[PDB]
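What is reported rests on the model, the rules as stated and the sources as named; these are not laboratory values. Please note: Cβ atoms are built from the backbone with ideal geometry, for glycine as well, and neighbour counts cover all protein chains shown.
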Amino acid sequence: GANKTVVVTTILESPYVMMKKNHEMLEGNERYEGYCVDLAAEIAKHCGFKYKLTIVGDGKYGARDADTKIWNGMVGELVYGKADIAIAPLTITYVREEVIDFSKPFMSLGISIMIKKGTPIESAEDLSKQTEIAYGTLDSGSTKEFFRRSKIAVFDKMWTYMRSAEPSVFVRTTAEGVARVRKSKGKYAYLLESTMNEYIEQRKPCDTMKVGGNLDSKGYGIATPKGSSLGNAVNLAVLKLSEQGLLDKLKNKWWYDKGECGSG
Amino acid sequence: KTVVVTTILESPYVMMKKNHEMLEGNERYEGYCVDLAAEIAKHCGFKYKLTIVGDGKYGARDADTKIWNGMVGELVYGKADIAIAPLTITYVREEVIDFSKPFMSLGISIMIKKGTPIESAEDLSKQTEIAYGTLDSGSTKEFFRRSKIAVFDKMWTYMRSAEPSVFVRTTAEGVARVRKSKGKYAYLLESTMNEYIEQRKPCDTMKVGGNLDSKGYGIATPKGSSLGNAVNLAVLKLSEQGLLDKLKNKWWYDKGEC
Ligand SMILES: O=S1(=O)NCN(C2CC2)c2cc(CCc3ccc4c(c3)N(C3CC3)CNS4(=O)=O)ccc21
Ligand SMILES: N[C@@H](CCC(=O)O)C(=O)O
Ligand SMILES: N[C@@H](CCC(=O)O)C(=O)O
Ligand SMILES: [Cl-]
Ligand SMILES: [Cl-]
Ligand SMILES: [Cl-]
Ligand SMILES: [Cl-]
Ligand SMILES: [Cl-]
Ligand SMILES: [Cl-]
Ligand SMILES: [Cl-]
């Protein structure tokens, strides 16, 4: 019954968790900065526990293997007892809800389209009705699962192309997808979550943009293992910080307050 | 055995059908939350009976009595097994009842008569010609009372003591007040209901500015209820299948008079 340090699994994803400039001479949680770094501190204060930030070893959000049927990423860390809690841009999904707990959402997002400025694309329907511009998603994430399991005509049509496109249209990190859009002269569009799309749109060289409306509506939740006694208090902490307006303050802090692409 | 569902008459969520007087049971009602209750019950495999909350209130706790009214009280005191309604997820409610993951997004918004010289909550707080208020016994009123944000705290100080009362008992009452006040009244309501009214005749109201907060509606059950697990998974399933977006388009825009 003695108080133990809470093991927090997170992921290096800008601006949620980022290496500080002088990280090579810093230790522990001091190495990291970002939205989820500030959020982890706010949560820990309200719940009154100590915690250690740990980057997920495999750098994945969470997917279940078809053959082995074992969870990887931050989800696996919680399922197999490697971490006590996940504080990261982890999307709430049906399949994950069955195996882990999710607090009420702390941030909203929907799948969106990233294009290099000037690309003749305005919607997912435009992508599905053409072949000149390739497009893909992140691996081991909820966006890829959205298209694989979608029974909607446009989305089902897009998945049928992406799953067998050559060379692979999928990426293993968001930065990989951003670079692919930037160095493809408009011949590649990246399907990612609106939160990350809006952030990149505010970073140099300011050559990308979110186009069209979102394909779905969901949020990020603070995840814990099923039955964890921490879930109750953290859930109330999220709602408290939301009502106080802190969650709105943190987004502006890490998305627009230091936007490198103008004042607007 | 039959699940008692408490809901509230709020368009387009729950509405009396035409010729409802010769109908009985769940067939008397139509709307977004009526379809949602059917979708949820089908996925969880239970029978249910729709009942309008007796006091016609969403849910607030009396300061002295500490007694919950509205649909929240129905769940706390065992009068209903589940609430399927535009019930806002809030911190104070989370302490006393369970909430599924949200099934619809909303934020506090401003309703004005078209042409009113107002663009933000900050504009309202910095003037006195145009009155403004909220619904009683709801989450919007509680948001302003408990807010330490400068603009919202300033707005609450005015509304709590304005005469005549700027608060209303129903959404329809607030809509009417905006329409026949020649722009000297703005109504603070949730964006979902603001967007619906904006698409209804006489098309003389509009939603202005961004929302003041960001939250959602959740399917509510008593704390510890065994139903909470199945309904929560049902909501997420309907979300990923896209049926929640379908129902939204069905009851908000598919019949637009503006
Ligand atoms: O994956 S979901 O759970 N399932 C389905 N949907 C869709 C609507 C059908 C959504 C939608 C959202 C965004 C709207 C929303 C709802 C509730 C709350 C929000 C923001 N906040 C704000 C900080 C962001 C705080 N607490 S809160 O009051 O709970 C998030 C998660 C999901
Ligand atoms: N937030 C996603 C990862 C990013 C994406 O899939 O676009 C997840 O939890 O899997
Ligand atoms: N959805 C709101 C309605 C009343 C309000 O606008 O605050 C509630 O549950 O209280
Ligand atoms: Cl320890
Ligand atoms: Cl009605
Ligand atoms: Cl009638
Ligand atoms: Cl019936
Ligand atoms: Cl039934
Ligand atoms: Cl709240
Ligand atoms: Cl302030």
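Couple of notes before you dig in:
- Cβ-Cβ under 6 Å pairs, at least 6 apart or on other chains, region B:38-65 side near ligand 8 (Cβ under 10 Å from one of its atoms), far side in a helix (DSSP H, G or I): B:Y48/B:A41; B:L50/B:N26
- Residues of region B:92-107 classified as assigned to a loop (DSSP other than H, G, I, E, B) and of a type in the set (D, E, K, R), total: 2
- A:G28 without any contact (Cβ under 8 Å) to a residue 12 or more places away in the chain and either within 16 Å of ligand 9 (Cβ to nearest atom) or not assigned by CATH to the domain that holds A:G177 (or both): no
- Against the numbered list (1) free of Cβ contacts under 8 Å to residues at least 24 places away in the same chain; (2) within 14 Å of another protein chain (Cβ to nearest Cβ), A:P167 comes up short only at (2).
- The residues on offer are A:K258, A:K204, A:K210, and the sole one that is surrounded by fewer than 14 Cβ atoms within 10 Å (Cβ to Cβ), away from chain B (no Cβ under 13 Å), over 18 Å from A:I87 (Cβ atoms) and in contact with an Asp or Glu (Cβ under 7 Å, 6 or more places away or on another chain) is A:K204.
- The residue that is farthest from A:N72 (Cα to Cα), counting only those in region A:1-44 that are within 16 Å of ligand 1 (Cβ to nearest atom) and assigned to a helix (DSSP H, G or I), is A:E42.
- Per-region count, region B:137-158, residues outside any loop (DSSP other than H, G, I, E, B), within 13 Å of ligand 3 (Cβ to nearest atom) and either over 17 Å from B:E190 (Cα atoms) or away from chain A (no Cβ under 11 Å) (or both): 4
- Boolean, A:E243 is among the acidic types (D, E), at negative phi, within 14 Å of chain B (Cβ to nearest Cβ) and buried (at least 17 other Cβ atoms within 10 Å of the Cβ): yes
- Residue within region A:220-229 that is away from chain B (no Cβ under 14 Å) and free of Cβ contacts under 8 Å to residues at least 12 places away in the same chain present: yes
- Region B:45-54, subset part of a loop (DSSP other than H, G, I, E, B) and under 18 Å from B:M16 (Cβ atoms), residue farthest from ligand 5 (Cβ to nearest atom): B:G54
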